[PDB]
Each structure stands twice: as C-alpha cells, then as structure tokens.
Amino acid sequence: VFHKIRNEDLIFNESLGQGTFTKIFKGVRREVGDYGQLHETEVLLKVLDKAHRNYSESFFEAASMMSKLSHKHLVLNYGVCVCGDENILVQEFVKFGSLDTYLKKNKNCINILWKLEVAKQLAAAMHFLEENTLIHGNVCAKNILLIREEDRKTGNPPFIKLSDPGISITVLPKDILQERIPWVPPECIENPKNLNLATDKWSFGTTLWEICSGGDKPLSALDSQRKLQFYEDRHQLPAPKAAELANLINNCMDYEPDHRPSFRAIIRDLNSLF
Ligand SMILES: CC(C)CCN1c2nc(Nc3cc(F)c(O)c(F)c3)ncc2N(C)C(=O)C1C
C-alpha cells in the first residue's frame with residue numbers, strides 16, 4: 001500500500017489551502033536520500049478532516065492510484081504519516097502551486113502557445129491513464145501543479161503534473177457533486193455510478209476551458225440548482241475569448257459519453273494547431 005513516514009521526520013508549516021474535506025500544508029521532511037545523504041525535503045501534507053474520517057478509504061485509494069503507476073506528468077507520492085488517529089498523505093511539493101491560481105495571477109501574459117503546451121502535457125497524462133484504463137475522476141486546474149515556469153529567456157516551455165483526484169465522487173454527498181458542475185459530467189450527476197473513462201474526457205474539456213479563461217471558474221454565477229438546470233437544458237460552456245480551443249472543449253464536453261474523443265485523437269487535434 002503505502003510507505004510509512006514516522007511522526008518525527010515531518011514538520012508541519014504553512015497552510016496552503018483546502019481540498020474536499022481536507023486541509024493542505026507545506027511541510028519539511030528529514031530523510032536518508034541517495035548515498036546515505038541526509039536531506040531536508042519540502043513536502044505536501046494533505047490532512048483528512050477530523051470530522052470526515054469516514055472517507056478515509058477513498059482518501060487513500062486516490063493516492064494509491066498515482067502511487068501504483070509512474071509517469072513524468074503524475075505527482076509523486078512519498079507515503080503516509082504515522083501519528084494519532086489522523087490520515088496524512090505525504091506528496092511531492094511543487095513550488096509554483098496550482099495551475100488554477102497560476103492561470104489567474106498570470107492571466108495577462110499567458111499566450112495561446114503557453115496554453116497549448118500545458119494542454120498537451122495534460123492530454124499526455126490522460127492518454128497514459130487511458131491506456132492503463134485508470135479512471136482519475138477529478139481533472140481540474142486545481143489538481144494541476146506547475147513544476148517549472150515557462151522560461152522566456154531560452155524559450156523553455158513550462159512543465160506540469162497531475163495530482164490525485166481526492167475522495168471519489170461515487171462516495172461524496174450530492175451537495176458537493178452538484179457544486180462541482182461542470183467538472184463532474186452530466187451522467188455522473190444523474191448517477192455517480194456512471195464513473196467511467198469517458199468522465200475524464202468531459203473534465204478535460206472543462207479544464208481546457210479554465211486554461212483558456214485565465215483562472216475563471218465556469219458557471220461561477222450559477223448556484224447548485226441552476227447548475228442542475230444547466231445540464232437538463234443540455235447547454236454548453238461559452239466560447240472563451242481565446243477561442244482557438246472552443247471546438248475541442250465542446251467536442252470533449254459531449255453529453256453522449258460514447259462520443260467523446262479518445263485522448264489519442266485529442267493529442268492529434270492538439271498537435272495540428274500551428
Ligand atoms: C491547496 C492547494 C493550493 C494545494 C495544491 N497542491 C499542491 N501544491 C503544491 N505547492 C504550492 C506552492 C505554493 F506556492 C502555494 O501557495 C501552494 F498553495 C501550493 N505542491 C504540491 C501540491 N500537490 C501535490 C497537490 O496535490 C495539490 C492539490
């Protein structure tokens with residue numbers, strides 16, 4: 001399952017934000033690295049809420065998903081912290097934070113080519129999961145970490161990684177799922193048991209909309225019931241001003257799950273864009 005990291009090797013520091021029923025901190029880990037060297041390693045510490053330890057199993061299965069596979073675009077898991085009755089996941093710390101908050105703060109000078117490079121790296125990660133038939137279940141700009149910024153000095157592209165999906169939507173209450181529209185596909189709003197490989201194709205289109213919207217959350221002005229109304233009326237997200245990917249967003253966000261393109265074809269269509 002997971003490697004056990006003991007209490008004394010970890011130091012909890014600043015709170016970075018929240019996940020679903022979790023608190024997230026920047027931490028420091030003392031470890032023996034390569035060649036027996038002692039390392040002070042920055043880590044991420046996801047602490048499942050004391051009130052929500054019900055979801056302890058789903059909390060660790062999502063991390064036991066990125067752990068049993070290895071890929072350059074997947075966030076590394078370090079293990080589980082042993083202390084009290086708490087549930088702590090120890091994961092790779094990324095300096096530049098979420099793509100969600102990065103697209104927002106850098107919306108002014110992120111051009112189409114920057115969005116395209118991040119879009120390909122995300123599709124490449126999803127293509128890797130599709131070939132392994134591994135359902136992620138929570139693709140969004142918040143679960144994406146920016147490891148390297150774009151270097152305009154040498155034209156070096158940015159680099160991203162995809163973190164774990166957190167507690168599965170097949171287990172979360174209905175108020176959270178309806179709040180996650182339009183990231184959760186319409187067939188999962190009807191029934192969370194429809195979680196499938198086609199779910200990640202829909203959520204990829206929503207993330208692709210976030211990337212072209214400069215941090216904007218789709219359907220922010222709509223509440224839960226008007227998001228449920230959004231799906232029943234079979235509406236689609238508005239075309240972003242940076243519209244060179246609205247056709248791919250709408251094609252991925254297909255109300256018929258069996259018609260959403262495979263991430264194979266998504267990459268071809270992405271690569272055929274100047
Ligand atoms: C709650 C949100 C925001 C945490 C996002 N997040 C991560 N963030 C960071 N670095 C980070 C850097 C910052 F300068 C910062 O202000 C910040 F908040 C976070 N490293 C690893 C992750 N890993 C693995 C994750 O799964 C997730 C979800």
# chains A, B, ... in the order shown; residues from 1 in each chain; ligands from 1
$ residues_around --residues "residue 31 (chain A)" --least-positions-apart "5" --cutoff "10 Å" --atoms "only C-alpha atoms" --output "VMD selection string"
chain A and resid 5 9 to 10 36 to 41
$ residues_near_ligand --ligand "ligand 1" --cutoff "7 Å" --atoms "only C-alpha atoms and all ligand atoms" --output "mmCIF file with N, CA, C and O atoms, in the first residue's frame"
data_model
loop_
_atom_site.group_PDB
_atom_site.id
_atom_site.type_symbol
_atom_site.label_atom_id
_atom_site.label_comp_id
_atom_site.auth_asym_id
_atom_site.auth_seq_id
_atom_site.Cartn_x
_atom_site.Cartn_y
_atom_site.Cartn_z
ATOM 1 N N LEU A 16 -1.623 25.874 3.011
ATOM 2 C CA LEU A 16 -1.661 26.295 1.618
ATOM 3 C C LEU A 16 -3.073 26.408 1.062
ATOM 4 O O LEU A 16 -3.277 27.115 0.069
ATOM 5 N N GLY A 17 -4.039 25.739 1.672
ATOM 6 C CA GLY A 17 -5.408 25.779 1.191
ATOM 7 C C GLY A 17 -6.175 24.565 1.685
ATOM 8 O O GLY A 17 -5.868 24.008 2.740
ATOM 9 N N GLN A 18 -7.173 24.172 0.897
ATOM 10 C CA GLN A 18 -8.055 23.076 1.263
ATOM 11 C C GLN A 18 -8.373 22.232 0.041
ATOM 12 O O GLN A 18 -8.422 22.730 -1.087
ATOM 13 N N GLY A 19 -8.586 20.940 0.283
ATOM 14 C CA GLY A 19 -9.252 20.070 -0.653
ATOM 15 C C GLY A 19 -10.652 19.729 -0.182
ATOM 16 O O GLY A 19 -11.205 20.355 0.727
ATOM 17 N N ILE A 24 -4.520 21.281 3.747
ATOM 18 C CA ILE A 24 -3.289 21.093 2.988
ATOM 19 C C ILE A 24 -2.238 22.069 3.500
ATOM 20 O O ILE A 24 -2.508 23.269 3.632
ATOM 21 N N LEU A 44 4.384 18.064 0.628
ATOM 22 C CA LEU A 44 2.999 18.480 0.789
ATOM 23 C C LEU A 44 2.299 17.512 1.730
ATOM 24 O O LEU A 44 2.506 16.297 1.652
ATOM 25 N N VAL A 75 1.977 13.385 -10.060
ATOM 26 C CA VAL A 75 2.593 13.831 -8.816
ATOM 27 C C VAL A 75 3.102 12.632 -8.028
ATOM 28 O O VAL A 75 2.418 11.607 -7.903
ATOM 29 N N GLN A 91 3.227 14.049 -0.100
ATOM 30 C CA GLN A 91 3.366 14.095 -1.546
ATOM 31 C C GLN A 91 4.395 15.142 -1.947
ATOM 32 O O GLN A 91 4.781 16.006 -1.156
ATOM 33 N N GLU A 92 4.830 15.043 -3.202
ATOM 34 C CA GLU A 92 5.816 15.963 -3.751
ATOM 35 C C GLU A 92 5.325 17.401 -3.659
ATOM 36 O O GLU A 92 4.196 17.710 -4.048
ATOM 37 N N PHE A 93 6.175 18.281 -3.135
ATOM 38 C CA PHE A 93 5.851 19.699 -3.074
ATOM 39 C C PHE A 93 6.327 20.389 -4.344
ATOM 40 O O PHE A 93 7.470 20.204 -4.773
ATOM 41 N N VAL A 94 5.443 21.186 -4.934
ATOM 42 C CA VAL A 94 5.719 21.938 -6.151
ATOM 43 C C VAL A 94 5.741 23.415 -5.788
ATOM 44 O O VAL A 94 4.830 23.905 -5.109
ATOM 45 N N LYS A 95 6.780 24.125 -6.237
ATOM 46 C CA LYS A 95 6.993 25.489 -5.758
ATOM 47 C C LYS A 95 5.925 26.447 -6.274
ATOM 48 O O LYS A 95 5.408 27.272 -5.512
ATOM 49 N N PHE A 96 5.578 26.358 -7.555
ATOM 50 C CA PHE A 96 4.729 27.357 -8.190
ATOM 51 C C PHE A 96 3.236 27.096 -8.000
ATOM 52 O O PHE A 96 2.418 27.795 -8.608
ATOM 53 N N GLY A 97 2.864 26.116 -7.179
ATOM 54 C CA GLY A 97 1.472 25.963 -6.795
ATOM 55 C C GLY A 97 0.563 25.433 -7.896
ATOM 56 O O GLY A 97 0.991 24.793 -8.860
ATOM 57 N N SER A 98 -0.726 25.721 -7.728
ATOM 58 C CA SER A 98 -1.755 25.212 -8.622
ATOM 59 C C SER A 98 -1.749 25.945 -9.956
ATOM 60 O O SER A 98 -1.470 27.145 -10.035
ATOM 61 N N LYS A 142 -7.168 22.968 -10.538
ATOM 62 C CA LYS A 142 -6.687 22.983 -9.162
ATOM 63 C C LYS A 142 -5.829 21.765 -8.844
ATOM 64 O O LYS A 142 -4.896 21.863 -8.038
ATOM 65 N N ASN A 143 -6.117 20.621 -9.462
ATOM 66 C CA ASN A 143 -5.336 19.408 -9.261
ATOM 67 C C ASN A 143 -4.107 19.341 -10.159
ATOM 68 O O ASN A 143 -3.497 18.274 -10.274
ATOM 69 N N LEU A 145 -0.288 20.918 -10.956
ATOM 70 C CA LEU A 145 0.808 21.625 -10.311
ATOM 71 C C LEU A 145 1.846 22.033 -11.346
ATOM 72 O O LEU A 145 2.220 21.238 -12.211
ATOM 73 N N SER A 163 -2.131 15.787 -9.934
ATOM 74 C CA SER A 163 -2.188 15.213 -8.600
ATOM 75 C C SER A 163 -3.327 14.199 -8.505
ATOM 76 O O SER A 163 -4.024 13.913 -9.481
ATOM 77 N N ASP A 164 -3.520 13.645 -7.307
ATOM 78 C CA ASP A 164 -4.558 12.649 -7.109
ATOM 79 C C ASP A 164 -5.939 13.309 -7.075
ATOM 80 O O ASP A 164 -6.061 14.491 -6.747
#
$ closest_residue --among "A:122, A:69, A:116, A:189" --to "residue 242 (chain A)" --atoms "only C-alpha atoms"
A:116
$ select_by_dssp --residues "region 120-257 of chain A" --states "helix (DSSP H, G or I)" --output "PyMOL selection string"
chain A and resi 120-131+141-143+174-179+186-190+192-194+197-213+224-232+246-252+257
$ atom_distance --atom1 "CA of residue 55 (chain A)" --atom2 "CA of residue 220 (chain A)"
27.1 Å
$ atom_distance --atom1 "CA of residue 170 (chain A)" --atom2 "CA of residue 25 (chain A)"
26.1 Å
$ residues_around --residues "region 60-63 of chain A" --least-positions-apart "5" --cutoff "8 Å" --atoms "only C-alpha atoms" --output "PyMOL selection string"
chain A and resi 77+89+164-168
$ select_by_dssp --residues "region 72-222 of chain A" --states "strand (DSSP E or B)" --output "PDB file with N, CA, C and O atoms, in the first residue's frame"
ATOM      1  N   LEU A  74       2.734  12.827 -13.463  1.00  0.00           N
ATOM      2  CA  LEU A  74       1.946  12.451 -12.298  1.00  0.00           C
ATOM      3  C   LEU A  74       2.700  12.817 -11.027  1.00  0.00           C
ATOM      4  O   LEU A  74       3.910  12.588 -10.925  1.00  0.00           O
ATOM      5  N   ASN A  77       4.081  10.381  -4.874  1.00  0.00           N
ATOM      6  CA  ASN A  77       3.663  10.115  -3.504  1.00  0.00           C
ATOM      7  C   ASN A  77       4.874   9.695  -2.683  1.00  0.00           C
ATOM      8  O   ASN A  77       5.664   8.852  -3.121  1.00  0.00           O
ATOM      9  N   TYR A  78       5.016  10.284  -1.499  1.00  0.00           N
ATOM     10  CA  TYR A  78       6.095   9.928  -0.587  1.00  0.00           C
ATOM     11  C   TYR A  78       5.680   8.910   0.466  1.00  0.00           C
ATOM     12  O   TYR A  78       6.534   8.167   0.958  1.00  0.00           O
ATOM     13  N   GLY A  79       4.402   8.858   0.824  1.00  0.00           N
ATOM     14  CA  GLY A  79       3.923   7.874   1.767  1.00  0.00           C
ATOM     15  C   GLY A  79       2.847   8.449   2.662  1.00  0.00           C
ATOM     16  O   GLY A  79       2.188   9.430   2.320  1.00  0.00           O
ATOM     17  N   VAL A  80       2.681   7.816   3.821  1.00  0.00           N
ATOM     18  CA  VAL A  80       1.648   8.164   4.789  1.00  0.00           C
ATOM     19  C   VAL A  80       2.317   8.455   6.125  1.00  0.00           C
ATOM     20  O   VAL A  80       3.199   7.705   6.558  1.00  0.00           O
ATOM     21  N   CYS A  81       1.905   9.544   6.773  1.00  0.00           N
ATOM     22  CA  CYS A  81       2.451   9.898   8.076  1.00  0.00           C
ATOM     23  C   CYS A  81       1.757   9.101   9.172  1.00  0.00           C
ATOM     24  O   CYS A  81       0.525   9.023   9.213  1.00  0.00           O
ATOM     25  N   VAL A  82       2.551   8.515  10.062  1.00  0.00           N
ATOM     26  CA  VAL A  82       2.045   7.737  11.186  1.00  0.00           C
ATOM     27  C   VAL A  82       2.005   8.651  12.404  1.00  0.00           C
ATOM     28  O   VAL A  82       3.052   9.041  12.933  1.00  0.00           O
ATOM     29  N   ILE A  88      -2.733  11.336   7.012  1.00  0.00           N
ATOM     30  CA  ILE A  88      -1.886  12.311   6.337  1.00  0.00           C
ATOM     31  C   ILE A  88      -1.234  11.643   5.139  1.00  0.00           C
ATOM     32  O   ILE A  88      -0.594  10.594   5.277  1.00  0.00           O
ATOM     33  N   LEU A  89      -1.395  12.251   3.970  1.00  0.00           N
ATOM     34  CA  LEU A  89      -0.675  11.854   2.771  1.00  0.00           C
ATOM     35  C   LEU A  89       0.504  12.796   2.573  1.00  0.00           C
ATOM     36  O   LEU A  89       0.355  14.016   2.700  1.00  0.00           O
ATOM     37  N   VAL A  90       1.669  12.228   2.281  1.00  0.00           N
ATOM     38  CA  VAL A  90       2.889  12.991   2.056  1.00  0.00           C
ATOM     39  C   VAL A  90       3.218  12.901   0.574  1.00  0.00           C
ATOM     40  O   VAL A  90       3.453  11.807   0.047  1.00  0.00           O
ATOM     41  N   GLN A  91       3.227  14.049  -0.100  1.00  0.00           N
ATOM     42  CA  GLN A  91       3.366  14.095  -1.546  1.00  0.00           C
ATOM     43  C   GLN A  91       4.395  15.142  -1.947  1.00  0.00           C
ATOM     44  O   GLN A  91       4.781  16.006  -1.156  1.00  0.00           O
ATOM     45  N   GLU A  92       4.830  15.043  -3.202  1.00  0.00           N
ATOM     46  CA  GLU A  92       5.816  15.963  -3.751  1.00  0.00           C
ATOM     47  C   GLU A  92       5.325  17.401  -3.659  1.00  0.00           C
ATOM     48  O   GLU A  92       4.196  17.710  -4.048  1.00  0.00           O
ATOM     49  N   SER A  98      -0.726  25.721  -7.728  1.00  0.00           N
ATOM     50  CA  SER A  98      -1.755  25.212  -8.622  1.00  0.00           C
ATOM     51  C   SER A  98      -1.749  25.945  -9.956  1.00  0.00           C
ATOM     52  O   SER A  98      -1.470  27.145 -10.035  1.00  0.00           O
ATOM     53  N   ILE A 144      -3.732  20.449 -10.792  1.00  0.00           N
ATOM     54  CA  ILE A 144      -2.568  20.513 -11.669  1.00  0.00           C
ATOM     55  C   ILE A 144      -1.524  21.402 -11.011  1.00  0.00           C
ATOM     56  O   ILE A 144      -1.839  22.509 -10.558  1.00  0.00           O
ATOM     57  N   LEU A 145      -0.288  20.918 -10.956  1.00  0.00           N
ATOM     58  CA  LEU A 145       0.808  21.625 -10.311  1.00  0.00           C
ATOM     59  C   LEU A 145       1.846  22.033 -11.346  1.00  0.00           C
ATOM     60  O   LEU A 145       2.220  21.238 -12.211  1.00  0.00           O
ATOM     61  N   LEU A 146       2.309  23.277 -11.246  1.00  0.00           N
ATOM     62  CA  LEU A 146       3.245  23.861 -12.205  1.00  0.00           C
ATOM     63  C   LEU A 146       4.660  23.708 -11.655  1.00  0.00           C
ATOM     64  O   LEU A 146       5.094  24.488 -10.805  1.00  0.00           O
ATOM     65  N   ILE A 147       5.385  22.706 -12.155  1.00  0.00           N
ATOM     66  CA  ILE A 147       6.712  22.402 -11.629  1.00  0.00           C
ATOM     67  C   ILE A 147       7.738  23.417 -12.116  1.00  0.00           C
ATOM     68  O   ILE A 147       8.545  23.930 -11.332  1.00  0.00           O
ATOM     69  N   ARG A 148       7.736  23.709 -13.412  1.00  0.00           N
ATOM     70  CA  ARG A 148       8.649  24.678 -14.000  1.00  0.00           C
ATOM     71  C   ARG A 148       7.842  25.733 -14.734  1.00  0.00           C
ATOM     72  O   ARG A 148       6.969  25.398 -15.541  1.00  0.00           O
ATOM     73  N   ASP A 151      10.232  29.570 -19.429  1.00  0.00           N
ATOM     74  CA  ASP A 151      11.440  30.391 -19.428  1.00  0.00           C
ATOM     75  C   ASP A 151      11.501  31.122 -20.764  1.00  0.00           C
ATOM     76  O   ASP A 151      11.903  30.554 -21.785  1.00  0.00           O
ATOM     77  N   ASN A 156      12.154  27.986 -23.000  1.00  0.00           N
ATOM     78  CA  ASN A 156      11.908  26.708 -22.424  1.00  0.00           C
ATOM     79  C   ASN A 156      10.444  26.680 -22.023  1.00  0.00           C
ATOM     80  O   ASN A 156       9.970  27.622 -21.469  1.00  0.00           O
ATOM     81  N   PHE A 159       6.229  23.172 -17.313  1.00  0.00           N
ATOM     82  CA  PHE A 159       6.021  21.761 -17.025  1.00  0.00           C
ATOM     83  C   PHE A 159       4.976  21.629 -15.928  1.00  0.00           C
ATOM     84  O   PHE A 159       4.949  22.429 -14.989  1.00  0.00           O
ATOM     85  N   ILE A 160       4.114  20.619 -16.055  1.00  0.00           N
ATOM     86  CA  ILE A 160       3.013  20.414 -15.126  1.00  0.00           C
ATOM     87  C   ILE A 160       3.002  18.966 -14.656  1.00  0.00           C
ATOM     88  O   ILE A 160       3.635  18.086 -15.242  1.00  0.00           O
ATOM     89  N   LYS A 161       2.257  18.733 -13.576  1.00  0.00           N
ATOM     90  CA  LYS A 161       1.967  17.396 -13.084  1.00  0.00           C
ATOM     91  C   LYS A 161       0.518  17.348 -12.623  1.00  0.00           C
ATOM     92  O   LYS A 161      -0.057  18.366 -12.225  1.00  0.00           O
ATOM     93  N   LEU A 162      -0.069  16.157 -12.680  1.00  0.00           N
ATOM     94  CA  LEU A 162      -1.445  15.935 -12.257  1.00  0.00           C
ATOM     95  C   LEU A 162      -1.448  15.208 -10.920  1.00  0.00           C
ATOM     96  O   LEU A 162      -0.839  14.141 -10.787  1.00  0.00           O
TER      97      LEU A 162
END
$ atom_distance --atom1 "CA of residue 59 (chain A)" --atom2 "CA of residue 188 (chain A)"
19.4 Å
$ residues_around --residues "residue 127 (chain A)" --least-positions-apart "4" --cutoff "7 Å" --atoms "only C-alpha atoms" --output "list in words"
residues 123, 131, 263 and 264 of chain A
$ write_last_selection --atoms "C-alpha atoms" --output "JSON list (two decimals), in the first residue's frame"
[["chain", "number", "residue", "atom", "x", "y", "z"],
["A", 123, "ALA", "CA", -3.59, 15.25, -22.51],
["A", 131, "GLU", "CA", -4.07, 3.14, -21.93],
["A", 263, "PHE", "CA", -7.10, 11.31, -25.74],
["A", 264, "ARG", "CA", -5.26, 9.82, -28.72]]
$ residues_around --residues "residue 245 (chain A)" --least-positions-apart "2" --cutoff "9 Å" --atoms "only C-alpha atoms" --output "compact mmCIF listing (two decimals) with N, CA and C atoms, in the first residue's frame"
# COMPACT_ATOMS: atom_id res chain seq x y z
N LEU A 208 -9.68 22.44 -19.94
CA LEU A 208 -9.26 23.17 -21.12
C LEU A 208 -9.96 24.52 -21.22
N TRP A 209 -11.18 24.61 -20.69
CA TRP A 209 -11.87 25.90 -20.64
C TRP A 209 -11.26 26.81 -19.59
N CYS A 212 -8.05 28.43 -20.94
CA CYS A 212 -8.29 29.50 -21.90
C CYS A 212 -9.08 30.66 -21.32
N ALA A 239 -17.96 30.13 -25.41
CA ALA A 239 -16.69 30.10 -26.13
C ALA A 239 -15.73 31.09 -25.50
N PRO A 240 -14.55 30.67 -25.05
CA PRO A 240 -13.59 31.62 -24.48
C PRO A 240 -13.16 32.65 -25.51
N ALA A 242 -10.11 33.67 -26.01
CA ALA A 242 -9.10 32.84 -26.67
C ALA A 242 -9.82 31.60 -27.18
N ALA A 243 -10.41 31.73 -28.36
CA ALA A 243 -11.37 30.76 -28.87
C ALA A 243 -10.75 29.65 -29.71
N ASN A 247 -13.72 24.53 -30.04
CA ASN A 247 -14.19 23.33 -30.73
C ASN A 247 -13.75 22.07 -30.00
N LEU A 248 -12.53 22.07 -29.45
CA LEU A 248 -12.06 20.90 -28.71
C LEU A 248 -12.74 20.80 -27.35
N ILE A 249 -13.03 21.94 -26.71
CA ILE A 249 -13.76 21.92 -25.45
C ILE A 249 -15.14 21.32 -25.64
N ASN A 250 -15.88 21.82 -26.63
CA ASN A 250 -17.23 21.32 -26.88
C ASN A 250 -17.22 19.86 -27.33
N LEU A 270 -4.77 18.45 -31.01
CA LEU A 270 -3.97 19.46 -30.34
C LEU A 270 -2.67 19.74 -31.09
$ residues_around --residues "residue 231 (chain A)" --least-positions-apart "3" --cutoff "10 Å" --atoms "only C-alpha atoms" --output "PyMOL selection string"
chain A and resi 181-182+185-187+189-190+226-228+234-236+255
$ closest_residue --among "A:47, A:214, A:175, A:254" --to "residue 109 (chain A)" --atoms "only C-alpha atoms"
A:214
$ residues_around --residues "residue 52 (chain A)" --least-positions-apart "3" --cutoff "12 Å" --atoms "only C-alpha atoms" --output "PDB file with C-alpha atoms, in the first residue's frame"
ATOM      1  CA  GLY A  19      -9.252  20.070  -0.653  1.00  0.00           C
ATOM      2  CA  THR A  20     -12.523  18.212  -0.374  1.00  0.00           C
ATOM      3  CA  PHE A  21     -12.774  17.527   3.381  1.00  0.00           C
ATOM      4  CA  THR A  22      -9.005  18.015   3.743  1.00  0.00           C
ATOM      5  CA  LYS A  23      -6.509  20.595   4.957  1.00  0.00           C
ATOM      6  CA  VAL A  47      -4.700  16.095   6.250  1.00  0.00           C
ATOM      7  CA  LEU A  48      -8.132  14.495   6.004  1.00  0.00           C
ATOM      8  CA  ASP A  49     -10.593  16.382   8.197  1.00  0.00           C
ATOM      9  CA  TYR A  55     -13.871   8.852   3.698  1.00  0.00           C
ATOM     10  CA  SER A  56     -10.526   7.501   4.973  1.00  0.00           C
ATOM     11  CA  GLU A  57     -10.627   4.626   2.475  1.00  0.00           C
ATOM     12  CA  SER A  58     -11.430   6.796  -0.550  1.00  0.00           C
ATOM     13  CA  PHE A  59      -8.889   9.321   0.757  1.00  0.00           C
ATOM     14  CA  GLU A  86      -5.080  11.099  11.722  1.00  0.00           C
ATOM     15  CA  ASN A  87      -4.777  10.449   7.984  1.00  0.00           C
ATOM     16  CA  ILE A 167     -12.191  11.446  -2.386  1.00  0.00           C
ATOM     17  CA  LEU A 172     -19.259  12.196  -1.935  1.00  0.00           C
ATOM     18  CA  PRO A 173     -22.671  13.637  -0.992  1.00  0.00           C
TER      19      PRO A 173
END
$ closest_residue --among "A:154, A:213, A:272, A:196" --to "residue 169 (chain A)" --atoms "only C-alpha atoms"
A:196
